[PDB]
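Chains as they are written, first to last, in the authors' numbering: chain U, 344 to 392; chain T, 197 to 245.
In structure tokens, the structure reads:
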């Protein structure tokens, strides 16, 4: 879902309509999960909590 | 040949695999290059850390 939201935000922004997203995963996530998810979510206009 | 300049890239990419796992040191912000790894082969690993 997070990759899709990143994709939707890119699709609207590249069309001239700027948009951004803030995202966070599950409960009590550990460091390894944050790095692995950041690497899988690397584009700008996206924030990870 | 890529992001594998930095040790982190091995730890993330292992964490993407089906059954292989890896975890970063709890001692601090090491983020060393792979270029300075030491010579070691055939480290027998499955039920170990």
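Using N, Cα and C, we set each Cβ at its ideal position, and we do this for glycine too.
Residue(s) in a DSSP beta bridge with residue i
i	result
residue 364(U)	389(U)
residue 200(T)	Residue 200(T) is not bridged to any residue.
residue 372(U)	Partner(s): none; residue 372(U) has no beta bridge.
residue 229(T)	202(T)
Short CB-CB distance (under 8 Å) between residue i and chain T
i	result
residue 372(U)	no
residue 346(U)	no
residue 379(U)	yes
residue 349(U)	no
With 16 other Cβ atoms within 10 Å as the buried cut-off, status of residue i
i	result
residue 199(T)	exposed
residue 349(U)	buried
Expected contact under 8 Å - CB spacing of residue i and residue j to nearest Å
i	j	result
residue 356(U)	residue 388(U)	6 Å
residue 227(T)	residue 211(T)	Not confirmed; about 16 Å, so no contact.
Chain U contact for residue i (CB, 8 Å cutoff)
i	result
residue 208(T)	yes
residue 219(T)	yes
residue 238(T)	no
To be precise: take each residue of the segment 351-364 of chain U, compare its Cβ to all Cβ atoms of chain T, and keep it if any distance is under 8 Å. Which residues remain?
none
The segment 221-233 of chain T: which residues have C-beta closer than 7 Å to a C-beta of chain U, in chain order?
none
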